[PDB]
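This report refers to the structure that appears directly beneath it.
Every residue, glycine as well, gets a Cβ built from its backbone with ideal geometry; the counts of neighbours run over all protein chains shown. Taken together, the values in this text are just the output of simple stated rules run on the coordinates, not laboratory data.
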Amino acid sequence: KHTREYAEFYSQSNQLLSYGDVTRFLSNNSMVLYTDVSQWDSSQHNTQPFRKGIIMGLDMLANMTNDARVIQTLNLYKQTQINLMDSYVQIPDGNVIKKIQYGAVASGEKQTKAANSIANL
Amino acid sequence: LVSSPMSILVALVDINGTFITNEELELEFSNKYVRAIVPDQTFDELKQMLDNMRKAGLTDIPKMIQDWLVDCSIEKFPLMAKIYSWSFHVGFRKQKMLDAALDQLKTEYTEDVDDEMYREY
Amino acid sequence: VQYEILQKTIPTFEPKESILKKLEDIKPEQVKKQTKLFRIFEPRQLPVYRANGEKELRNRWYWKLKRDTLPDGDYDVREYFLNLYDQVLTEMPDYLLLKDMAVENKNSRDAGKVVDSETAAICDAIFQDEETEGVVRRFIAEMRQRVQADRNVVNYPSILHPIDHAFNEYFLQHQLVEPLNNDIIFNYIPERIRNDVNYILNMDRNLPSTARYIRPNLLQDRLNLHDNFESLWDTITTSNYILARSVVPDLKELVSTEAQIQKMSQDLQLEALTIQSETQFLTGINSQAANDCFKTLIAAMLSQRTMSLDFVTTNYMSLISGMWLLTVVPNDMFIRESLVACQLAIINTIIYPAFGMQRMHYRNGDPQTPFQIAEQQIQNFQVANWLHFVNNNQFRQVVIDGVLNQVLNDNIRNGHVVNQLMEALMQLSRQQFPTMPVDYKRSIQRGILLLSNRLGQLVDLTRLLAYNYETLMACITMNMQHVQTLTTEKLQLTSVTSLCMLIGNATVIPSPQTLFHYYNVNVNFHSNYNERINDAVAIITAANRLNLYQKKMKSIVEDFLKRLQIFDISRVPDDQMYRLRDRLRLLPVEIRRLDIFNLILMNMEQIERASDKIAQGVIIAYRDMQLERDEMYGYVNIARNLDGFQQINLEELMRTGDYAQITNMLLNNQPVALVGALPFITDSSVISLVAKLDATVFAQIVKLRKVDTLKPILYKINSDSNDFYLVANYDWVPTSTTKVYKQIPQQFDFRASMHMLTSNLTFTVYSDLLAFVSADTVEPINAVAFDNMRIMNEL
Amino acid sequence: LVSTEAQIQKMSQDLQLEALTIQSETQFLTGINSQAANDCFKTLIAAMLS
Amino acid sequence: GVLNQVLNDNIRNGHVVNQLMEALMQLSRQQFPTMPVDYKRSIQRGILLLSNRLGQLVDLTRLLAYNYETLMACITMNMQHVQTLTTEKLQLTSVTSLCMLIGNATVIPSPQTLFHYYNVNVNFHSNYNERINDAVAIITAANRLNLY
C-alpha cells in the first residue's frame, strides 16, 4: 500500500491512483514502455522459478523469528507454494473430465494479485 | 478486431498540456509539450490492424480511423474513443470452458531460457 | 465418470541455495574418536631371488602401501598428498583410549592383548608362517600389554611402519581432552555471572578424577569480518540480533493498558469537539509494543546492530519518549539520518519554541547534529546540559574477561541520567512559549506531564535496561565491535512510549538457564568459527607449500563459509571469497594441523617412492648398463639415483608444451633423464630385454609431442622368466640402455616394527559442563544492580 | 564470470539505492549482466586495435 | 615496419590498478563535508565495491593488455590514431559489468583465431596495395596516352 510501484495496491488511505501516474515523466527525452501481461498466467516464469523464489523468501524469513507460531505460519505458506508448484486442473468435456498438469499461476488464490505484482516487477 | 488500433492510436497524439497524478485522485496540471515519436514499424502494425478490420467486413470503422489519421489530433480523438468504447458492446464471448482453458494453458516451455536472467528474477 | 490425464513437461529450475541455521540451531561438531590405528603401509610377502636370479626357497616380508592409488604426474602426486593431508586431519582424533582397539594376541605367552586388530593379523601371519625364524616367534610370544592403574596408563604392543608409528604416536601424544572437575565446571561459567549476587549456583555431583573435557577454542576473530566485510558482518550481526532477541526476558506485570490509557486520557483532558495533538499521544500504546521495544533495544545493543528510528512528527509524545531514548541509549546506535530527524523534530517542536527561539534551519548533511547546534544556541543551563550529555553519551570499549564489550555510562546504569532529563523537561515546562498559541504550550506541557508522572518508573526502567544489558553481555564470547551495519533494525517510537507508560514495579532479569543457553550458543558459534578458520588456513597453507599453482581456492573458502552455517554462500561473490582467502593466508596454522602437515611433508617422498604403480622417472642412456641385483626382483633395470644424467622435468614439459629440447635430445641420442611420476610396464621376458624393447618407447614423444602416454619398461629378470636359461647358461649379466628411476621396497623387520603405544587406561569425556550446574535467581523484588541497590525501587 | 545474482545481491546490499530513492521514483541496479561484460571486453579491445 | 600503439608498462602488468585502488580507498575514507549521510554511505560503499575487487581488476587489466598485444601482433597496416567522425558508443554500465563480473579464467586468442585475423589483415593490405597499383597504372597510362 505504501510502495508506489504497486499501482494496484498503492494508496495513502483507501483510494487507488485511478488516473494512473505515467504523465509526470513524459517528455521529449523520455519514452514510456507499456506491455499487456494478462496472458502471462501459464508463462514459464510463473512456473517453478516464481514459486521457488517465494519459498526462498519464506526460508529466509524463518531464520528471522523465534516464535514457533510465526514459523508454523511461514511453514504452512511454504507448503501451499510447494503444493501449487505441482498442481493439476479439472476441466469438464462432455462426459469426460480432463486432468491437465498446471504448475503455473492463476487467480482464485489469496496471494495471486500481490504475487503477480511482485513477479512482474 | 475493433479495439486493437487504440493501443497504437494513443501513441500518435502529441501532448499539449497534461495532468499529473499526485495522491490517488489529485491532479496537478502541466503546460508541458511533448511531440509524438512514432517509428514506421508502428505505422505498419496499424495498417495491418486496419487490413484485419477490412478482412472481417468492416468499412466504416477503418475509414473513420483513416480519416482521423490525417491529423492525429486530440480534438477529433473522441471519435476514436467512441469506437473503442463501442467495440465492447457486441456482448460477451462465453465459449466452452475447455476451449477457453486450453487457450489459457497453451504453453511452449523450453530448457533454452537464459539461466542468468531466471536466477536474477 | 472417466478421466483423461494430460501431462506437460515443466522445466526444472533449481535455485542455488544453502540451508541456513539460526545460532541456537547450530549443533556442536561431534568429538573425534579413533577406532583403528592409521596405516599407510602393511607387510606383504614376496618371493626373493639369489644374486644370479634364482628363486630362493623362502619368501620375505616387505612394506607395501595399503592403498596403492597414487596418480601419475608430479602435480597429481602433490594433489594426492594434499588429499592425504585432508584424510589424516579427518582421522586425527580428539582423544584416545587404546583398550578399545586392543585385541587378543593368540600366540602371546601370557594371552595378552595388542593394538590394533591389524597388528594381531600381522602377528598371526608371521607366527604361523613356516619361514618365520624362531626368534621372531619368541618375540611375538613376549608381546603383551602393561597396565599401571595408579598412573591410569596402559601400554600395548603394536606393529607399525615408521611413518604409521609417527602419525599414531602424534595422535596419542597430542590429544585434546584434559582433566575436568567441579572447580573447572564453575570456572567455565562467565565470571560476571558468578560474581553476581542475584544468582545462586549449585552442584550435586563430584566429578571423578578420571573425568575429561575438551576446551572450546575461543580465540577472538582473526579475520576481522567487522572490518571491510560489510555484507558478512551484516549477516553475523543479524544472526546475533535474532539470538539476543530470544534471551531478553519478557516484561512481567506491566501496568494495565486500560488503566494507564484512562489515566492518560484524564491527564490530557481530551476534548471530543476539538482536533488536538494530545489525541495522538495514546497511539500505539500496548504491552506488546513495550515488550518489542525492550527486546529491540537490548538485542541491538548486544549484537551492536544499528537501529533506525520510526516516528510520526505529529506525535509529540513520541518526541518526548525519543528524548528519553536518546538520553539512555548512545546515539551511535542509531543510523545518522533517523537520529538527526528525531533530534530536529524534538528541537523544533519542544526546545526552541519553548524559549521563543526561531525555528532551526537545519541543513541535510550538516557535520553537526541538531542537538549539537542547540547545545551551543540554548542558554538554559539544564536543557543545555542534557543536550551536551546526549551529544557526548557514548559506549566505553572495555576488555572484560578477555572479551571486548560496550559499556554504558555509570549514570545510565543507575538511572541518574533520567534526573537530568527530567530537570531539562521541567525547565521546558516552566517556559512561556512566547510566539506560540497557548494551546501549543498546553500540548507540550501535557506530553511532558505524561512523561514526568512516571519519573521513578523511568529511573527503574533505565536501571532494568542497563542491568539486563550487562548481564546478557557477560554471556558474549566474541568481541563486541561497534560499527554501523549495512541494514538497521527499525524501532518505532510509539513502542518506546508504550515501554515508558506501561512499565511497572516488577523486576525481570535473565534466567540462569537463559544465560547458560545464550552462553552455550555463543560458545558453540565461536568454537565452530575458530575451527573452520583453522581448517581453511591449514588447507590453504598446505596447498601453497605443495606448489598447487593450478588450484583455485574459491572452493576452500566456500566450504568454510558453508560450515559457518549462517551465510548464503550462493549469493557471496567470488571477489569477497578471495579476499577472505587473502586474510586467511596470513594466519599461522594451528599447532596440531601444522605438525601433521610437517610429518606429511617429511614422509611424502618416501610414501610416493613406495608406490608400485608409478616410477620417479626414466634414464635414457645409450650404453650397456648392467641390471641391478635386488633380492625381490632378480635382475632389474632400476636406478636408485639420477646422478650423472641431465634431467628434463616432465611437469614443466607438460605445462609449457615445448618439446624442442626433448625432441632434439631424443633425435640426437643424447643421454637424458625424464623426471616425473610415470607409469611403467613390468616385463619379465628375457628376449624382450635382448630385443632392447625398453629403448623403443620414446619415439612417440617426438611423433606426437606428448609425454602422458610415456610408459617406460621395467625389466624383472629372474628364474620365473620363461627364457631365464639364457641368463643361467651363459654366465651373462643382463644389460640395458634404459633404466627406471625407482626405489626398492624396505624389508619388514618384525622386531623393529614393534612399538609400545601408551595411553590412559580409562576416562570419561563430558560435553556440556553447565549441565552439572543448577542455577536459580533470588526474588526479583530483591534483585540488586551494580550499585548494591535494588534494580527497581518504585512502589 | 562471477555469478550475476551474487554480484547483484552484493552491490544492491551495499548501494541501497531503494532507500535513497524518492518514494515516487524507482531505482535499482542495471546493466550488470554477463552480456554487457562481454560487450565491454570486445568493444575495448576492438576499438584499441582499430 | 608497422606502426603500433602500445600501452604504458604499468597497464600491461596491471600494477596501475593498485594506485587506482589506493585512490579509491582514500575516497572511501573522506568525510564528504556537506553531503547527506545516506548518499555519502552509498557512494563510499560503491567506491569500496570497486576497490575490494583489486585482484580481479589487476587480472582483468593484464588480460585485456595481453589480448590487445597478441591481436596487435597480427596488424599489418600502420595503427594511425585519428579522431574519427563517428565513434563507438560505450556504456559505462557495461564497464561496471566487466569490472564486477570478471573472474579469474584466462581467455587468450586461439592460434587459429590469430592466424585468421592475421590472414584477413594481410589480404586486406595486399588488396589495398594491388588496387592502388592498378589505379595508378591506369591513370598514368591514360595521361601518357593523352586521353584528355
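Annotations
- Selection status of residue C:507, outside any helix (DSSP H, G or I) and surrounded by fewer than 20 Cβ atoms within 10 Å (Cβ to Cβ): no
- Condition check for residue A:65: among the hydroxyl-bearing types (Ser, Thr, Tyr) and either in a helix (DSSP H, G or I) or surrounded by fewer than 17 Cβ atoms within 10 Å (Cβ to Cβ) (or both): yes
- Any hit, segment C:143-156, residues being of a type outside the set (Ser, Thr, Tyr), assigned to a loop (DSSP other than H, G, I, E, B), touching a helix residue (DSSP H, G or I) at 6+ places or on another chain (Cβ under 8 Å) and surrounded by fewer than 19 Cβ atoms within 10 Å (Cβ to Cβ): no
- Tally, over segment B:7-30, of residues that are more than 7 Å from every other protein chain (Cβ to nearest Cβ), at negative phi and not in a helix (DSSP H, G or I): 8
- Whichever residue in segment A:1-51 is of a type in the set (D, E, K, R) and assigned to a loop (DSSP other than H, G, I, E, B) and, among such residues, is nearest to residue A:104 (Cα to Cα): A:41
- Filter result (within 20 Å of residue B:4 (Cα to Cα), in contact with a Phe, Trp or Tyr (Cβ under 8 Å, 6 or more places away or on another chain) and of a type in the set (A, V, I, L, M, F, W, C)) within segment B:68-121: B:68, B:77, B:79, B:80
- Of the residues making up segment E:76-93, those that are within 15 Å of the chain's Cα centre (by Cα), surrounded by 13 or more Cβ atoms within 10 Å (Cβ to Cβ) and at the interface with chain D (Cβ under 7 Å from one of its Cβ atoms) are E:90, E:91.
- Flag for residue C:681 being touching a strand residue (DSSP E or B) at 6+ places or on another chain (Cβ under 7 Å), surrounded by fewer than 17 Cβ atoms within 10 Å (Cβ to Cβ), of a type in the set (A, V, I, L, M, F, W, C) and closer than 30 Å to residue C:548 by Cβ: yes
- Checked against (1) in contact (Cβ under 8 Å) with a residue 60 or more places away in the chain; (2) more than 30 Å from residue C:152 (Cα to Cα); (3) in contact with a helix residue (DSSP H, G or I) (Cβ under 8 Å, 6 or more places away or on another chain), residue C:132 meets all criteria but (1).
- Selection from segment C:666-695 of residues that are over 30 Å from residue C:53 (Cα atoms), without any contact (Cβ under 8 Å) to a residue 40 or more places away in the chain and part of a helix (DSSP H, G or I): C:667
- Residue within segment A:72-90 that is assigned to a strand (DSSP E or B) and surrounded by 13 or more Cβ atoms within 10 Å (Cβ to Cβ) present: yes
- Residue check, residue B:71 more than 14 Å from chain D (Cβ to nearest Cβ) and part of a helix (DSSP H, G or I): no
- Residues of segment C:186-237 that are within 24 Å of the chain's Cα centre (by Cα) and over 30 Å from residue C:537 (Cβ atoms): C:189 alone.
- Pairing each residue of segment A:72-94 that is away from every other protein chain (no Cβ under 11 Å) with any residue that is part of a helix (DSSP H, G or I) and of a type in the set (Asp, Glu), provided the two are 6+ apart or on different chains, yields C-beta distances under 9 Å for A:74/A:59; A:78/A:59.
- Of the numbered criteria (1) surrounded by fewer than 18 Cβ atoms within 10 Å (Cβ to Cβ); (2) within 23 Å of residue C:482 (Cβ to Cβ); (3) in contact (Cβ under 8 Å) with a residue 40 or more places away in the chain; (4) not hydrophobic (A, V, I, L, M, F, W, C), the one residue C:367 fails is (3).
- Here residue D:14 does not fit the description of being within 15 Å of the chain's Cα centre (by Cα), of a type in the set (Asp, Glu), at the interface with another protein chain (Cβ under 7 Å from one of its Cβ atoms) and over 19 Å from residue E:43 (Cβ atoms).
- Scan of segment B:14-54 for residues that are hydrophobic (A, V, I, L, M, F, W, C) and buried (at least 16 other Cβ atoms within 10 Å of the Cβ), ordered by number: B:15, B:20, B:34, B:46, B:49, B:50, B:53
- Output for segment E:54-72, where each listed residue is within 9 Å of chain D (Cβ to nearest Cβ) and under 16 Å from residue E:15 (Cβ atoms): E:56, E:60, E:63, E:64
- Residue check: residue C:104 meets all listed conditions (1) more than 14 Å from every other protein chain (Cβ to nearest Cβ); (2) touching a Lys or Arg at 6+ places or on another chain (Cβ under 9 Å); (3) surrounded by fewer than 17 Cβ atoms within 10 Å (Cβ to Cβ); (4) touching a residue at least 24 places away in the same chain (Cβ under 8 Å) but one, namely (4).
- Complete set of residues in segment B:36-63 that are in contact with a helix residue (DSSP H, G or I) (Cβ under 7 Å, 6 or more places away or on another chain), among the aliphatic types (A, V, I, L, M) and under 20 Å from residue B:74 (Cβ atoms): B:36, B:38, B:46, B:61
- Among the conditions (1) within 9 Å of chain E (Cβ to nearest Cβ); (2) surrounded by fewer than 16 Cβ atoms within 10 Å (Cβ to Cβ); (3) in contact with a helix residue (DSSP H, G or I) (Cβ under 9 Å, 6 or more places away or on another chain), residue D:47 misses just one, which is (3).
- Flag for residue E:96 being under 17 Å from the mean Cα position of the chain (by Cα), of a type in the set (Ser, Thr, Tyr), assigned to a helix (DSSP H, G or I) and facing chain D (nearest Cβ under 9 Å): yes
- Applying the condition of being more than 9 Å from chain C (Cβ to nearest Cβ) and either touching a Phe, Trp or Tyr at 6+ places or on another chain (Cβ under 8 Å) or surrounded by 14 or more Cβ atoms within 10 Å (Cβ to Cβ) (or both) to segment A:33-49 and asking which residue is nearest to residue B:121 (Cα to Cα) yields A:45.
- Subset of segment B:107-121 (residues that are within 14 Å of chain D (Cβ to nearest Cβ) and among the charged types (D, E, K, R)): B:114, B:115, B:116, B:119, B:120
- Filter result for residue C:508 (over 30 Å from residue D:13 (Cβ atoms), of a type outside the set (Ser, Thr, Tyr) and touching a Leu at 6+ places or on another chain (Cβ under 9 Å)): yes
- Some residue of segment C:587-610 being of a type in the set (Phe, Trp, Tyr), in contact (Cβ under 8 Å) with a residue 60 or more places away in the chain and farther than 20 Å from residue C:741 by Cα: yes
- Segment B:79-106 residues that are within 9 Å of another protein chain (Cβ to nearest Cβ), paired with ones that are of a type in the set (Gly, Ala, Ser) and surrounded by 13 or more Cβ atoms within 10 Å (Cβ to Cβ) (beta carbon under 6 Å, 6 or more apart): B:105/A:42
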